Every structure is written in structure tokens, then in C-alpha cells.
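J.: Here is my input; please provide its structure:
(one chain, ligands or ions: 1)
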Amino acid sequence: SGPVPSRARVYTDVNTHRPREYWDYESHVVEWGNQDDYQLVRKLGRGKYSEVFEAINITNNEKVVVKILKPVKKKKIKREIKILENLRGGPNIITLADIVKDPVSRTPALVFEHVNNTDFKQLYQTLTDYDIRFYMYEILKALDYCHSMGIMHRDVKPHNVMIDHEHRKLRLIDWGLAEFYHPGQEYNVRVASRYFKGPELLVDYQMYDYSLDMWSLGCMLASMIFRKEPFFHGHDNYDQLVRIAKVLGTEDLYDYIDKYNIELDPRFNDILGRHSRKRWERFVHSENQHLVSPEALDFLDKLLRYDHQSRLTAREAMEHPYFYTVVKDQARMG
Ligand SMILES: CC(=O)Nc1nnc(-c2ccc([N+](=O)[O-])cc2)s1
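T.: Numbers count the residues shown, from 1 in each chain. Next up is the structure itself:
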């Protein structure tokens with residue numbers, strides 16, 4: 001008896017009803033810009049499969065960010081490009097401004113708009129209750145848009161949400177793990193940062209969907225309103241699930257496993273032990289209480305659910321009373 005299959009309860013067939021060339025990124029033909037339009041200024045980061053630089057566009061003197069892709073698979077490069085082009089112009093989605101090659105060595109690089117981001121080590125220390133609601137609503141706009149366009153981000157975490165606080169500007173970045181959703185497809189569960197991985201990933205349930213992004217978003221919310229980053233801090237993947245179960249409780253965890261007929265490694269029942277479901281108020285103290293409200297806790301509680309089918313969609317989340325003051329303030333023209 002294998003696990004019970006699952007499909008997304010919204011936007012299930014968005015790619016099915018779109019032309020092949022929308023989601024078939026291997027057939028995409030890239031049109032290359034000019035590498036000599038950009039000058040690299042300083043290395044911002046490196047990880048993975050790329051190195052990221054602040055750069056200048058020397059045709060107009062604008063700052064941009066250049067990500068040079070190490071020789072990671074061609075297929076992964078075309079997937080990220082196709083997804084960035086598909087989502088371009090969507091709300092709070094980082095803009096891919098150019099794609100270039102070294103003409104001689106054939107090394108590809110993505111060029112993005114620059115975000116002057118307030119460093120997420122600090123920021124989270126002057127953000128008000130209103131600020132959090134505002135930025136959460138903007139993140140939800142981006143997720144509802146990319147989900148509605150048939151795409152899962154799969155790496156939602158504070159490092160991938162750039163915020164230029166003085167311009168109240170937010171961009172969702174690093175689409176290198178993002179994938180097209182197709183119902184019934186079994187996906188790689190090695191995505192997302194450990195601290196933001198959903199239960200589906202940690203119990204190796206491969207037929208997941210957009211709702212994975214909503215778990216990750218719930219983790220960010222908790223860490224922002226309770227001022228504890230990351231909120232669920234496991235020392236490896238097994239322990240990550242234990243940290244979740246110490247809050248959400250083991251009873252609902254086993255009901256989840258039971259519903260999808262999922263088989264856990266023997267050692268898990270050993271280290272998961274037995275834990276009550278805690279009240280969210282347990283994490284409210286003098287220092288974070290100004291960021292917490294009944295609305296906030298009701299919202300968080302509908303995001304952080306084991307069962308991926310029972311979590312709010314991005315759209316439903318934007319309807320939540322937590323955002324009432326944001327939404328009325330954002331209804332304009334100028
Ligand atoms: C000061 C500073 O860090 N500015 C930045 N502005 N946009 C950035 C960026 C955009 C996209 C990606 N990406 O998508 O992988 C990475 C980084 S970084």
C-alpha cells in the first residue's frame with residue numbers, strides 16, 4: 001500500500017489548459033542580451049550553483065544584480081528563465097531585466113532589477129504591527145499570482161523576500177528552485193530551507209502542490225510576530241519535524257500520516273515522542289505582544305496545519321480580517 005495521491009485544491013489545471021510552450025521550458029529558446037552592457041562592482045553572495053554581484057548597467061548607469069550560473073544543468077537554467085519570464089510584471093515578483101552569456105566561454109548570467117534591501121537581521125527590529133501586515137499582504141499578492149500562473153516557488157524564506165523599507169518595496173526573489181505544477185506529478189522533496197520545509201517534505205510525501213509555499217509563509221509570520229527567527233529551529237530534517245510536533249502536537253501529526261497512508265521510518269516514532277498541541281499564546285511575551293493580536297493568531301493557525309489540503313490558499317489568506325486595515329488603506333488611484 002503506497003501513499004494516497006493528492007492534487008492542489010486550487011489552480012489544479014492551470015498548466016493543462018495553457019499552450020505547451022508556456023510550461024515546456026526545455027523547448028524555450030533564449031534570446032541573449034549583451035554581456036558588455038554590465039560592469040561587476042562587488043560580490044554580494046555565493047552559494048549553490050551561482051555567485052551574485054552588484055553590477056552597473058553602463059548604458060544608463062543603473063544598479064542591477066547579476067547572478068552568474070555555475071555549470072549546473074542546462075535544464076535547470078531554462079526552467080528558472082522560463083518561470084521568470086512567465087511571471088514578469090506580476091506584483092512583487094523580481095524583474096528579470098536581461099539574460100547574457102560570455103560569448104566565448106558560454107557561461108550564462110541573469111540580470112535583475114536592484115533592490116536596496118534593508119538587512120533582515122535589523123528590519124525585523126523596527127517593523128510595527130502594521131508594517132508586518134502590509135508586507136505579509138504583499139508577499140501573498142506574489143504567491144497568489146505565481147500559483148495562479150501554475151508555479152510553486154518552493155524556497156519561501158526571509159532571505160528570499162527582499163524589503164527596501166524606506167520605499168516600502170518588496171520583491172520575492174531566487175526562483176531557482178521554482179517548478180511548474182502538474183496534477184499527479186511526484187516532486188523532489190529536497191527543496192526549501194530546513195526551517196521552512198513543510199511536513200509533506202519532512203515525511204517524504206512527493207505529490208505536494210502550491211500549499212507548500214503557504215506553510216513556509218506561516219513560518220515567516222510566526223517568526224516575525226513572535227520575534228524568534230527561525231521559529232521552528234531543528235538541527236536536521238528529522239529534528240525539524242520534532243520541533244513542529246512540539247507545537248502542533250503529535251496527535252494531528254499521526255492523523256495526517258494516517259489519512260495519506262504515509263509510512264514513517266521506525267526511528268521517527270521514537271524521537272517524535274508524544275506532545276500536546278500548544279496554544280499560540282504560549283509564545284506571547286512582553287517583548288513581542290505589540291505584534292500579536294487575536295486576528296494574527298487566528299491567521300497563523302490556519303496557515304500552520306499539517307494537512308496541506310487544509311491550509312489557506314493565498315487568496316483566502318488575503319481575505320482574512322488580519323488584513324482589514326491594510327486593504328482599506330490600499331484601495332486607490334492617486
Ligand atoms: C543590495 C542588494 O542585495 N540588492 C539586491 N537587489 N536584487 C537582488 C537579487 C535579485 C534576485 C536574486 N535572485 O533572483 O536570485 C538575487 C538577488 S539583490
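J.: Nearest to the spatial middle of the chain, which residue is it?
T.: For the chain, the residue nearest the mean C-alpha position is residue 156 (1.9 Å; CA atoms, centre = their mean).
J.: biggest helix in this structure by residues?
T.: Within the chain, and with DSSP state H defining each element, the longest helix by residue count is helix 129-148.
J.: helices or strands up against that one?
T.: strand 161-164, strand 169-172, helix 211-226, helix 314-318, helix 324-329 (3 or more CB pairs under 8 Å, 6 or more residues apart in numbering; DSSP states H and E). The C-beta positions use only the backbone N, C-alpha and C, and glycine is treated the same way.
J.: just to revisit the earlier point, hang on, the residue nearest to the centre of the chain packs against residue 216?
T.: Yes - here residue 156 reaches residue 216: they are 3.7 Å apart, a contact under CB atoms under 8 Å.
J.: If we look just around the ligand, which residues of the stretch 51-200 of the chain are in range?
T.: 52, 65, 67, 94, 112, 114-117, 162, 173-175 (CB under 6 Å from any ligand atom).
J.: try it again with 5 Å
T.: In this structure, the stretch 51-200 of the chain approaches the ligand at residues 65, 94, 112, 114, 115, 173, 174, judged by CB under 5 Å from any ligand atom.
J.: How much space separates the fourth one from residue 46?
T.: Yep, that's residue 114 we're talking about. To residue 46, residue 114 is 18 Å away according to CB to CB, to the nearest Å.
J.: ditto for the second one
T.: Using CB to CB, we find residue 94 at a distance of 18 Å from residue 46.
J.: which one of these two has more residues nearby?
T.: Under the criterion of other CB atoms under 10 Å, the comparison of residue 94 against residue 46 puts residue 94 first, with 22 against 12.
J.: Wait, the more buried one touches residue 171, no?
T.: Yes - Residue 94 lies in contact with residue 171 (CB under 8 Å); the separation is 4.5 Å.
J.: Spit out the residues that contact those two alike.
T.: 113, 115, 162 (CB atoms under 8 Å, 6 or more residues apart in numbering).
J.: of these, closest to the ligand?
T.: residue 115 (3.6 Å; CB to the nearest ligand atom).
J.: list the contacts for the closest residue in space to that closest one that isn't next to it in sequence?
T.: Distance criterion CB to CB, 6 or more residues apart in numbering; nearest residue to residue 115, sequence neighbours excluded, is residue 162 at 4.2 Å. Neighbouring residues of residue 162 by CB under 8 Å, 6+ apart: 94, 115, 117, 170, 171, 173.
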